[PDB]
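Raw run.cif, mmCIF, C-alpha atoms and all ligand atoms:
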data_my_file
loop_
_atom_site.label_atom_id
_atom_site.label_comp_id
_atom_site.auth_asym_id
_atom_site.auth_seq_id
_atom_site.Cartn_x
_atom_site.Cartn_y
_atom_site.Cartn_z
CA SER A 11 101.45 235.98 131.19
CA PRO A 12 97.71 235.82 130.32
CA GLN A 13 96.24 232.73 128.56
CA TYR A 14 95.23 233.01 124.84
CA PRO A 15 92.68 232.28 123.72
CA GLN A 16 90.13 232.64 126.58
CA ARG A 17 86.40 231.69 126.51
CA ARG A 18 84.01 234.59 125.51
CA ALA A 19 81.53 235.17 128.45
CA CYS A 20 79.33 236.97 125.81
CA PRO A 21 79.97 235.32 122.39
CA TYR A 22 79.49 238.60 120.35
CA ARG A 23 82.03 240.47 122.61
CA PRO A 24 85.64 239.25 122.11
CA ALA A 25 87.94 238.71 125.14
CA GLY A 26 89.87 242.03 125.34
CA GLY A 27 91.98 243.55 128.18
CA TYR A 28 95.16 242.70 126.17
CA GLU A 29 97.73 245.58 126.15
CA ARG A 30 98.45 247.14 122.68
CA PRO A 31 100.07 247.10 120.22
CA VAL A 32 101.94 243.81 121.19
CA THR A 33 101.80 241.67 124.39
CA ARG A 34 103.15 238.32 125.71
CA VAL A 35 100.68 235.44 126.18
CA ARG A 36 100.80 231.69 126.91
CA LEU A 37 99.03 229.29 124.44
CA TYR A 38 96.87 226.30 125.70
CA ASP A 39 100.00 223.98 126.07
CA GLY A 40 102.05 226.70 127.82
CA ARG A 41 103.98 227.80 124.69
CA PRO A 42 104.93 231.52 124.94
CA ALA A 43 103.55 233.71 122.06
CA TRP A 44 103.55 237.35 120.92
CA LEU A 45 99.88 238.44 120.60
CA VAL A 46 99.57 241.33 118.06
CA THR A 47 96.65 243.52 119.30
CA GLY A 48 97.22 246.88 117.51
CA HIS A 49 95.49 247.51 114.15
CA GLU A 50 98.60 249.01 112.34
CA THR A 51 100.88 246.23 113.75
CA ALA A 52 98.28 243.52 112.80
CA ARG A 53 98.47 244.75 109.15
CA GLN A 54 102.30 244.93 109.21
CA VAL A 55 102.63 241.31 110.50
CA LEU A 56 99.96 239.88 108.06
CA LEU A 57 101.66 241.72 105.08
CA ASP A 58 105.22 240.58 106.06
CA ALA A 59 104.47 237.01 104.84
CA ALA A 60 108.18 235.90 104.48
CA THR A 61 109.15 236.98 108.08
CA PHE A 62 105.74 235.81 109.53
CA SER A 63 105.05 232.34 108.01
CA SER A 64 101.61 230.59 107.99
CA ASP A 65 103.24 227.22 106.94
CA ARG A 66 101.08 224.91 109.13
CA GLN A 67 103.46 222.01 108.13
CA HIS A 68 106.60 223.65 109.71
CA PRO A 69 107.39 222.29 113.23
CA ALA A 70 107.51 225.88 114.74
CA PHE A 71 103.89 226.60 113.57
CA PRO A 72 101.74 227.27 116.70
CA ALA A 73 98.52 225.31 117.46
CA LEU A 74 95.98 227.44 119.43
CA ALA A 75 94.03 224.34 120.74
CA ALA A 76 94.74 220.59 121.50
CA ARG A 77 92.07 219.48 118.91
CA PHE A 78 94.09 221.37 116.18
CA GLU A 79 97.51 220.02 117.42
CA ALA A 80 96.59 216.60 115.85
CA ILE A 88 93.69 220.59 103.64
CA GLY A 89 95.18 224.08 103.22
CA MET A 90 97.30 225.62 100.43
CA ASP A 91 100.94 224.43 101.10
CA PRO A 92 103.62 227.17 100.68
CA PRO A 93 105.22 226.33 97.26
CA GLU A 94 101.72 225.97 95.62
CA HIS A 95 100.08 228.85 97.62
CA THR A 96 100.09 231.71 95.00
CA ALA A 97 99.02 229.32 92.13
CA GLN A 98 96.23 227.62 94.14
CA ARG A 99 94.96 231.04 95.42
CA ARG A 100 94.94 232.51 91.83
CA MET A 101 92.90 229.38 90.73
CA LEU A 102 90.28 229.98 93.50
CA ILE A 103 90.14 233.83 93.07
CA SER A 104 88.86 233.48 89.41
CA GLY A 105 85.73 231.83 91.01
CA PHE A 106 85.21 234.79 93.44
CA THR A 107 85.05 237.86 91.09
CA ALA A 108 82.60 240.71 91.98
CA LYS A 109 80.67 239.70 88.78
CA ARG A 110 80.42 236.07 90.02
CA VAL A 111 79.10 237.17 93.52
CA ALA A 112 76.65 239.68 91.90
CA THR A 113 75.47 236.79 89.63
CA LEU A 114 74.89 234.59 92.76
CA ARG A 115 72.83 237.22 94.73
CA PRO A 116 69.43 236.04 93.30
CA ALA A 117 70.37 232.39 94.08
CA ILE A 118 71.43 233.46 97.66
CA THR A 119 68.09 235.26 98.28
CA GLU A 120 66.21 232.09 96.99
CA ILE A 121 68.28 229.95 99.48
CA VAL A 122 67.63 232.46 102.35
CA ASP A 123 63.85 232.65 101.60
CA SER A 124 63.47 228.80 101.38
CA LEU A 125 65.22 228.45 104.82
CA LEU A 126 63.02 231.27 106.33
CA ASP A 127 59.98 229.34 104.91
CA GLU A 128 61.18 226.42 107.19
CA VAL A 129 61.69 228.85 110.21
CA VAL A 130 58.09 230.20 109.80
CA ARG A 131 56.66 226.63 109.16
CA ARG A 132 58.09 225.44 112.54
CA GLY A 133 57.10 228.77 114.23
CA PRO A 134 58.01 230.79 117.38
CA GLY A 135 60.48 228.83 119.66
CA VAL A 136 62.57 227.64 116.62
CA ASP A 137 66.41 227.44 117.05
CA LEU A 138 67.68 229.83 114.36
CA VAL A 139 71.19 228.14 114.33
CA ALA A 140 70.00 224.66 113.14
CA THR A 141 67.22 226.08 110.89
CA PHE A 142 68.91 229.16 109.35
CA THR A 143 72.42 230.38 110.34
CA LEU A 144 74.24 227.01 109.78
CA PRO A 145 72.34 225.89 106.64
CA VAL A 146 72.43 229.26 104.71
CA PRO A 147 76.24 229.28 104.15
CA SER A 148 76.63 225.49 103.37
CA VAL A 149 73.81 225.68 100.77
CA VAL A 150 75.41 228.88 99.29
CA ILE A 151 78.72 226.94 99.01
CA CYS A 152 76.66 224.18 97.22
CA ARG A 153 75.47 226.79 94.71
CA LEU A 154 79.01 228.34 94.43
CA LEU A 155 80.54 224.82 93.73
CA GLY A 156 77.74 223.62 91.35
CA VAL A 157 76.32 220.98 93.76
CA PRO A 158 72.91 220.11 92.25
CA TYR A 159 69.71 220.99 94.17
CA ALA A 160 68.87 217.22 94.71
CA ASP A 161 72.12 216.80 96.77
CA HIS A 162 71.80 220.05 98.89
CA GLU A 163 70.00 218.20 101.78
CA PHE A 164 72.81 215.55 102.10
CA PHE A 165 75.54 218.23 101.80
CA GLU A 166 73.78 220.57 104.31
CA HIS A 167 73.43 217.60 106.75
CA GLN A 168 77.10 216.41 106.55
CA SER A 169 78.55 219.98 106.71
CA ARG A 170 76.30 220.59 109.81
CA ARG A 171 77.81 217.40 111.39
CA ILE A 172 81.37 218.95 111.03
CA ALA A 173 80.43 222.53 112.12
CA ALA A 174 77.63 222.13 114.78
CA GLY A 175 80.41 221.60 117.39
CA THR A 176 78.20 218.97 119.10
CA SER A 177 79.55 215.88 117.14
CA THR A 178 82.44 213.65 118.40
CA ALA A 179 85.83 213.96 116.58
CA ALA A 180 84.82 210.63 114.90
CA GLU A 181 81.28 211.78 113.81
CA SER A 182 83.05 214.90 112.35
CA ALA A 183 85.77 212.81 110.53
CA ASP A 184 82.97 210.53 109.12
CA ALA A 185 81.02 213.60 107.74
CA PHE A 186 84.23 215.01 106.20
CA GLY A 187 84.81 211.63 104.48
CA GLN A 188 81.22 211.51 103.12
CA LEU A 189 81.62 215.07 101.62
CA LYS A 190 85.06 214.06 100.20
CA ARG A 191 83.49 210.92 98.63
CA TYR A 192 80.50 212.93 97.26
CA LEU A 193 82.75 215.67 95.69
CA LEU A 194 85.18 213.08 94.06
CA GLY A 195 82.02 211.65 92.33
CA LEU A 196 80.57 215.06 91.35
CA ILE A 197 83.83 216.58 89.98
CA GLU A 198 84.01 213.80 87.28
CA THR A 199 80.80 215.37 85.77
CA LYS A 200 82.21 219.00 85.79
CA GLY A 201 83.87 221.12 83.05
CA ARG A 202 80.94 220.12 80.73
CA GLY A 203 79.41 223.63 80.21
CA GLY A 204 78.97 224.84 83.84
CA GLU A 205 80.52 228.12 85.14
CA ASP A 206 80.58 227.08 88.87
CA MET A 207 83.69 226.75 91.09
CA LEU A 208 84.03 222.97 90.34
CA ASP A 209 84.01 223.76 86.55
CA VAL A 210 86.70 226.49 87.07
CA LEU A 211 88.96 223.95 88.89
CA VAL A 212 88.43 221.22 86.17
CA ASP A 213 89.12 223.83 83.39
CA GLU A 214 92.43 224.86 85.15
CA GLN A 215 93.54 221.20 85.58
CA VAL A 216 92.55 220.47 81.91
CA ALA A 217 94.50 223.63 80.78
CA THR A 218 97.71 223.13 82.92
CA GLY A 219 97.76 219.28 83.36
CA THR A 220 99.70 219.67 86.70
CA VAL A 221 96.78 219.38 89.25
CA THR A 222 95.31 215.97 90.22
CA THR A 223 91.53 215.44 90.74
CA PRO A 224 92.11 214.57 94.45
CA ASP A 225 93.86 217.99 94.85
CA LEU A 226 90.77 219.71 93.27
CA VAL A 227 88.45 217.85 95.75
CA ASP A 228 90.80 219.08 98.55
CA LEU A 229 90.48 222.74 97.31
CA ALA A 230 86.60 222.40 97.27
CA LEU A 231 86.66 220.93 100.84
CA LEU A 232 88.98 223.85 101.88
CA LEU A 233 86.32 226.42 100.64
CA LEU A 234 83.58 224.52 102.50
CA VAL A 235 85.59 224.44 105.79
CA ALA A 236 86.88 228.10 105.53
CA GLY A 237 83.45 229.45 104.37
CA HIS A 238 80.86 227.50 106.45
CA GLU A 239 81.28 227.86 110.28
CA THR A 240 82.84 231.35 109.91
CA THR A 241 79.88 232.79 107.90
CA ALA A 242 77.35 230.82 110.04
CA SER A 243 78.78 232.12 113.36
CA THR A 244 79.06 235.76 112.19
CA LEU A 245 75.36 235.49 111.03
CA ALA A 246 74.11 234.01 114.39
CA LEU A 247 76.20 236.52 116.45
CA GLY A 248 75.04 239.36 114.11
CA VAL A 249 71.41 238.46 114.87
CA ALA A 250 72.04 238.30 118.69
CA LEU A 251 73.95 241.63 118.59
CA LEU A 252 71.23 243.37 116.47
CA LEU A 253 68.51 242.06 118.86
CA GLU A 254 70.52 243.49 121.86
CA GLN A 255 71.04 246.90 120.10
CA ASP A 256 67.38 247.00 118.75
CA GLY A 257 69.07 247.09 115.26
CA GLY A 258 66.71 244.74 113.33
CA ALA A 259 65.20 247.69 111.36
CA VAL A 260 68.63 249.02 110.18
CA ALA A 261 69.61 245.50 108.97
CA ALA A 262 66.29 245.38 106.99
CA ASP A 263 67.32 248.68 105.22
CA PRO A 264 68.83 247.90 101.79
CA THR A 265 70.89 251.18 101.85
CA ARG A 266 72.33 250.41 105.35
CA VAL A 267 72.76 246.55 105.47
CA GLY A 268 76.24 246.70 103.80
CA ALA A 269 77.53 249.09 106.55
CA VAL A 270 75.64 247.14 109.25
CA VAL A 271 77.47 243.95 108.04
CA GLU A 272 80.94 245.65 108.19
CA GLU A 273 80.17 246.68 111.80
CA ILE A 274 79.00 243.10 112.70
CA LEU A 275 82.30 241.76 111.18
CA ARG A 276 84.43 244.30 113.18
CA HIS A 277 82.53 243.41 116.43
CA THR A 278 82.35 239.58 116.11
CA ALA A 279 85.80 238.67 114.56
CA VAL A 280 84.76 235.00 114.69
CA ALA A 281 88.28 233.92 113.59
CA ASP A 282 89.52 235.59 116.81
CA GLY A 283 93.25 235.08 116.04
CA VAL A 284 95.45 233.71 113.21
CA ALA A 285 98.81 232.02 113.97
CA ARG A 286 102.23 232.80 112.39
CA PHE A 287 105.85 232.02 113.40
CA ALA A 288 108.94 234.21 112.82
CA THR A 289 111.26 232.67 110.19
CA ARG A 290 114.03 235.16 111.23
CA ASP A 291 114.93 237.61 114.06
CA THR A 292 112.66 240.73 113.73
CA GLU A 293 111.02 243.62 115.65
CA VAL A 294 107.29 244.63 115.80
CA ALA A 295 106.58 248.02 117.57
CA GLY A 296 110.03 247.81 119.33
CA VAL A 297 109.43 244.21 120.60
CA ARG A 298 112.28 241.74 119.79
CA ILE A 299 111.03 238.56 118.05
CA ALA A 300 113.35 235.50 117.74
CA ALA A 301 113.17 233.06 114.78
CA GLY A 302 110.83 230.20 115.75
CA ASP A 303 108.72 232.37 118.14
CA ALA A 304 104.91 232.01 117.96
CA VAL A 305 103.20 235.20 116.67
CA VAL A 306 99.35 235.28 116.88
CA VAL A 307 97.49 238.17 115.22
CA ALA A 308 94.44 238.88 117.45
CA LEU A 309 92.06 240.18 114.69
CA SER A 310 89.29 240.71 117.31
CA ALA A 311 91.63 242.96 119.42
CA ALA A 312 93.05 244.81 116.33
CA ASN A 313 89.35 245.53 115.46
CA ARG A 314 88.95 247.39 118.88
CA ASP A 315 92.16 249.48 118.73
CA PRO A 316 90.88 252.91 119.94
CA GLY A 317 93.24 254.71 117.44
CA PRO A 318 91.47 253.66 114.20
CA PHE A 319 88.16 252.82 116.00
CA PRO A 320 87.42 255.49 118.62
CA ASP A 321 84.59 254.39 120.98
CA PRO A 322 85.52 250.83 119.79
CA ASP A 323 82.94 248.82 121.83
CA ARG A 324 79.83 250.75 120.60
CA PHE A 325 77.75 249.27 117.73
CA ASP A 326 77.88 251.98 115.00
CA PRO A 327 77.20 251.20 111.28
CA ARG A 328 78.12 254.80 110.28
CA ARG A 329 81.69 254.28 111.53
CA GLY A 330 84.38 255.80 109.30
CA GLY A 331 88.15 255.28 108.94
CA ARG A 332 90.22 252.13 108.24
CA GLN A 333 88.95 248.64 107.25
CA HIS A 334 88.67 246.00 110.06
CA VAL A 335 90.89 242.84 109.76
CA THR A 336 88.06 240.23 110.37
CA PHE A 337 89.09 238.76 106.96
CA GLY A 338 92.84 239.29 107.66
CA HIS A 339 95.03 241.36 105.30
CA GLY A 340 97.75 240.92 102.64
CA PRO A 341 98.56 237.68 100.77
CA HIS A 342 96.31 235.23 102.79
CA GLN A 343 93.36 237.67 103.07
CA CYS A 344 89.91 235.97 102.83
CA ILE A 345 89.23 234.86 99.20
CA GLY A 346 85.52 234.52 100.17
CA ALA A 347 85.13 238.01 101.78
CA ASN A 348 82.87 239.40 98.96
CA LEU A 349 80.64 236.23 99.00
CA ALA A 350 80.49 236.31 102.86
CA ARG A 351 79.30 240.02 102.78
CA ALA A 352 76.59 239.29 100.12
CA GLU A 353 75.42 236.26 102.20
CA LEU A 354 75.33 238.18 105.52
CA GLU A 355 73.55 241.17 103.87
CA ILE A 356 70.79 239.08 102.14
CA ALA A 357 70.29 236.73 105.21
CA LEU A 358 69.99 239.61 107.75
CA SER A 359 67.97 241.83 105.32
CA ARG A 360 65.38 239.06 104.49
CA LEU A 361 65.21 237.79 108.16
CA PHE A 362 64.35 241.26 109.60
CA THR A 363 62.00 242.29 106.68
CA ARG A 364 59.92 239.05 107.09
CA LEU A 365 60.14 238.92 110.97
CA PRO A 366 60.52 242.55 112.19
CA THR A 367 59.27 241.57 115.74
CA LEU A 368 62.09 238.95 116.14
CA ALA A 369 63.26 238.49 119.77
CA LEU A 370 65.40 236.02 121.82
CA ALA A 371 63.05 233.32 123.30
CA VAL A 372 65.59 232.95 126.24
CA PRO A 373 67.84 235.51 128.07
CA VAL A 374 71.14 236.40 126.24
CA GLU A 375 73.04 234.98 129.31
CA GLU A 376 71.63 231.45 128.37
CA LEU A 377 72.75 231.36 124.65
CA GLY A 378 75.79 229.13 125.42
CA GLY A 379 79.16 230.12 123.87
CA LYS A 380 81.60 227.94 121.87
CA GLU A 381 85.05 226.85 123.28
CA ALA A 382 88.07 229.20 123.28
CA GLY A 383 90.07 227.27 120.60
CA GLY A 384 87.91 227.42 117.42
CA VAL A 385 85.55 229.63 115.34
CA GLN A 386 83.68 231.77 118.00
CA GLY A 387 79.85 231.69 118.11
CA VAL A 388 76.69 230.52 119.96
CA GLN A 389 75.54 226.82 120.09
CA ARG A 390 71.86 227.89 119.56
CA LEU A 391 69.70 231.00 118.96
CA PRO A 392 66.08 230.38 120.04
CA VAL A 393 63.76 233.23 118.77
CA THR A 394 60.05 234.33 118.88
CA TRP A 395 58.26 237.08 116.84
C1 LIG A 401 82.30 235.66 107.98
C2 LIG A 401 82.95 234.91 107.12
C3 LIG A 401 84.43 234.72 107.10
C4 LIG A 401 85.46 235.03 107.98
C5 LIG A 401 85.36 235.73 109.32
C6 LIG A 401 86.67 234.62 107.32
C7 LIG A 401 87.93 234.79 107.89
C8 LIG A 401 89.11 234.51 107.23
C9 LIG A 401 90.41 234.92 107.64
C10 LIG A 401 90.80 235.70 108.89
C11 LIG A 401 91.30 234.50 106.70
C12 LIG A 401 92.80 234.73 106.70
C13 LIG A 401 93.63 233.55 107.27
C14 LIG A 401 95.05 233.92 107.67
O1 LIG A 401 95.57 235.01 107.45
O2 LIG A 401 95.77 233.11 108.22
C15 LIG A 401 90.55 233.80 105.71
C16 LIG A 401 91.15 233.18 104.63
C17 LIG A 401 90.42 232.40 103.74
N1 LIG A 401 89.06 232.34 103.64
FE1 LIG A 401 87.75 233.25 104.76
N2 LIG A 401 86.38 234.06 106.12
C18 LIG A 401 85.07 234.12 105.88
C19 LIG A 401 84.34 233.59 104.80
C20 LIG A 401 84.85 232.76 103.81
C21 LIG A 401 84.14 232.16 102.77
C22 LIG A 401 82.63 232.33 102.56
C23 LIG A 401 85.09 231.42 102.03
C24 LIG A 401 84.92 230.52 100.84
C25 LIG A 401 83.75 230.23 100.28
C26 LIG A 401 86.36 231.60 102.65
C27 LIG A 401 87.56 231.05 102.21
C28 LIG A 401 88.82 231.43 102.68
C29 LIG A 401 90.06 230.93 102.06
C30 LIG A 401 90.19 229.90 100.95
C31 LIG A 401 91.07 231.53 102.73
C32 LIG A 401 92.58 231.27 102.54
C33 LIG A 401 93.20 232.27 101.62
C34 LIG A 401 94.69 232.08 101.55
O3 LIG A 401 95.33 231.49 102.43
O4 LIG A 401 95.32 232.52 100.55
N3 LIG A 401 86.16 232.41 103.71
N4 LIG A 401 89.20 233.84 106.03
CL CL A 402 74.58 212.02 120.34
MG MG A 403 103.17 220.76 114.96
MG MG A 404 61.10 223.96 116.06
MG MG A 405 86.44 242.73 117.86
#
Have the structure of the file written as structure tokens, please.
Amino acid sequence: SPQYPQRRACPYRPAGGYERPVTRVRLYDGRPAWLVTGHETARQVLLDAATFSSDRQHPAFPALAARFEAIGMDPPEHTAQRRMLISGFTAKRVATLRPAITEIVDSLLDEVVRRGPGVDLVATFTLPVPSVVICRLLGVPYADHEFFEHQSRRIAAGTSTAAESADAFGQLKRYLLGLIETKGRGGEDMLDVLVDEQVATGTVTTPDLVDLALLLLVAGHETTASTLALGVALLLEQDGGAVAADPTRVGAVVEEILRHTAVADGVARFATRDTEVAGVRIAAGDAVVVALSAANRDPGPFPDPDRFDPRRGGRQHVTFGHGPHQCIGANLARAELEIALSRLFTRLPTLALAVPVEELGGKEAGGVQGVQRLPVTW
């Protein structure tokens, strides 16, 4: 049985070779698992939320890495907590944030240009853009963006010790417990939505609201950052800068970057009951991992799956999952990726890797996939 997950040799090309639509793998600690690799079967498993549980608190729930063996919407509260958050992620709300996002993107590209050719785009642009956008989504005031960017970078850089990362988490938790006491006082940001819902229902504690805000930061930061960095590397390889600069094409270019990069490579479930997926017999308690990256390269819905093609038709990719746990932030993540890539390649059309692609350095198998650094000239 092959190991899952494996290290990406090239960080913007997922580890494939897995048989479809279902195959047997071994997790890091030897636990057997069904890996779901077909696109249709991916959707079926993610939609069948009673049979395929994401209850991380249940003892059968599979860990994909040692570091994650040792925040999240618990099952009884899930639909209520999700409905709370979704009111802060309307299409109108994201459209309203676009001007703020392009201001954040431009001020970080000012810093890229100030430093000059040789700059690491990860530390200066790809990591900071999505933490500062989450600042603006939450209502974190401009004066505190530097502190918040710095502590969220400590968690996500994947260069800090487990202790340095726990420290940074605690600082952001402290900061947000302070800030939320000032919210619901005329603002329309995510922290005001949460206060207004607590004030209206009286059944949510302020610590639970801080936990929900930290969940958004953790779900929305490294994922968006790593799909932005990998997007840039992939566009530079494909000579695709110019298409990303095109305001009519950047939406479709971003869908194709999401399909390719699938930075949340797999999501874990466990069977709560005996079932069958594509004829395969699944016992209650069995690990079931949905390989979103592999579902995204199923040659049925995505013929010529490995080619970069923004014009691609057919079914939606599952980079953001599907069904009742589908990415709440998907619309915000698209807007962010579109404005960041559009403004980067308009301002710096001659952008190029300052080292060979083979020297970018990938992240570890277990976590959000990505590069450690992205040095660039123009
Ligand atoms: C490129 C960016 C992103 C990727 C690849 C991504 C990926 C995912 C995936 C695969 C899921 C489904 C988890 C599962 O089924 O087990 C998910 C859920 C979620 N995402 Fe995202 N995401 C992105 C951006 C964001 C952003 C920007 C936010 C918030 C600001 C966010 C917040 C969440 C939340 C709260 C959930 C949980 C929803 C639930 O369980 O009901 N994500 N994301
Ligand atoms: Cl150090
Ligand atoms: Mg456990
Ligand atoms: Mg520099
Ligand atoms: Mg893929």
Taking only C-alpha atoms and all ligand atoms into account, produce a table as a tab-separated table in which each residue of chain A with an atom at most 10 Å from an atom of ligand MG 405 (chain A) appears once, together with its shortest atom pair and the distance in Å to one decimal, ordered by chain and rising number.
residue	atom	partner	partner_atom	distance
A:22	CA	A:MG405	MG	8.5
A:23	CA	A:MG405	MG	6.9
A:24	CA	A:MG405	MG	5.6
A:25	CA	A:MG405	MG	8.5
A:26	CA	A:MG405	MG	8.3
A:273	CA	A:MG405	MG	9.6
A:274	CA	A:MG405	MG	9.1
A:275	CA	A:MG405	MG	7.9
A:276	CA	A:MG405	MG	5.3
A:277	CA	A:MG405	MG	4.2
A:278	CA	A:MG405	MG	5.5
A:279	CA	A:MG405	MG	5.3
A:280	CA	A:MG405	MG	8.5
A:281	CA	A:MG405	MG	10.0
A:282	CA	A:MG405	MG	7.8
A:308	CA	A:MG405	MG	8.9
A:309	CA	A:MG405	MG	6.9
A:310	CA	A:MG405	MG	3.5
A:311	CA	A:MG405	MG	5.4
A:312	CA	A:MG405	MG	7.1
A:313	CA	A:MG405	MG	4.7
A:314	CA	A:MG405	MG	5.4
A:315	CA	A:MG405	MG	8.9
A:322	CA	A:MG405	MG	8.4
A:323	CA	A:MG405	MG	8.1
A:334	CA	A:MG405	MG	8.7
A:335	CA	A:MG405	MG	9.2
A:336	CA	A:MG405	MG	8.1
10 Å shell around ligand CL 402 (chain A) using all atoms listed in the file, listed as number ranges by chain: A: 176-178, 181
Would you mind listing, for every residue of chain A within 6 Å of ligand LIG 401 (chain A), the two atoms forming the shortest contact and the distance between them in Å to one decimal, using all atoms listed in the file, sorted by chain and ascending residue number, as a tab-separated table?
residue	atom	partner	partner_atom	distance
A:99	CA	A:LIG401	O4	5.4
A:233	CA	A:LIG401	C24	4.3
A:236	CA	A:LIG401	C27	4.5
A:237	CA	A:LIG401	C21	3.2
A:240	CA	A:LIG401	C2	4.5
A:241	CA	A:LIG401	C1	3.8
A:244	CA	A:LIG401	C1	5.3
A:280	CA	A:LIG401	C5	5.5
A:281	CA	A:LIG401	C5	5.5
A:284	CA	A:LIG401	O2	5.0
A:336	CA	A:LIG401	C5	5.4
A:337	CA	A:LIG401	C10	4.0
A:338	CA	A:LIG401	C10	4.3
A:342	CA	A:LIG401	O4	3.7
A:343	CA	A:LIG401	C12	4.7
A:344	CA	A:LIG401	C16	3.5
A:345	CA	A:LIG401	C28	4.9
A:346	CA	A:LIG401	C23	3.6
A:347	CA	A:LIG401	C19	5.4
A:349	CA	A:LIG401	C22	5.6
A:350	CA	A:LIG401	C22	4.5
Set out as JSON lines a contact list for chain A and ligand MG 404 (chain A) with a cut-off of 7 Å, giving each residue of chain A that qualifies its closest atom pair and distance in Å to one decimal, counting all atoms listed in the file, ordered by chain and rising residue number.
{"residue": "A:132", "atom": "CA", "partner": "A:MG404", "partner_atom": "MG", "distance": 4.9}
{"residue": "A:133", "atom": "CA", "partner": "A:MG404", "partner_atom": "MG", "distance": 6.5}
{"residue": "A:135", "atom": "CA", "partner": "A:MG404", "partner_atom": "MG", "distance": 6.1}
{"residue": "A:136", "atom": "CA", "partner": "A:MG404", "partner_atom": "MG", "distance": 4.0}
{"residue": "A:137", "atom": "CA", "partner": "A:MG404", "partner_atom": "MG", "distance": 6.4}
Based on the selection just made, write C-alpha atoms of those residues as a PDB file, in the coordinates of the input.
ATOM      1  CA  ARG A 132      58.090 225.440 112.540  1.00  0.00           C
ATOM      2  CA  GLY A 133      57.100 228.770 114.230  1.00  0.00           C
ATOM      3  CA  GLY A 135      60.480 228.830 119.660  1.00  0.00           C
ATOM      4  CA  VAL A 136      62.570 227.640 116.620  1.00  0.00           C
ATOM      5  CA  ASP A 137      66.410 227.440 117.050  1.00  0.00           C
TER       6      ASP A 137
END
Collect all residues with atoms no farther than 7 Å from ligand MG 403 (chain A), counting all atoms listed in the file, and output them as a PyMOL selection string. chain A and resi 67-73+79
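If you measure from each of A:220, A:61, A:11, A:363 to residue 262 (chain A) using all atoms listed in the file, the closest one turns out to be A:363.
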Let me make sure I understand: among A:104, A:64, A:51, A:289, which one has the smallest atom-to-atom distance to residue 90 (chain A) if we use all atoms listed in the file? A:64
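Among the candidates A:324, A:390, A:202, A:170, the residue lying nearest to residue 250 (chain A) is A:390 (atoms considered: all atoms listed in the file).
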In terms of only C-alpha atoms, the residue from A:121, A:49, A:365, A:357 at minimal distance from residue 246 (chain A) is A:357
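CA of residue 182 (chain A) lies 28.9 Å from CA of residue 305 (chain A).
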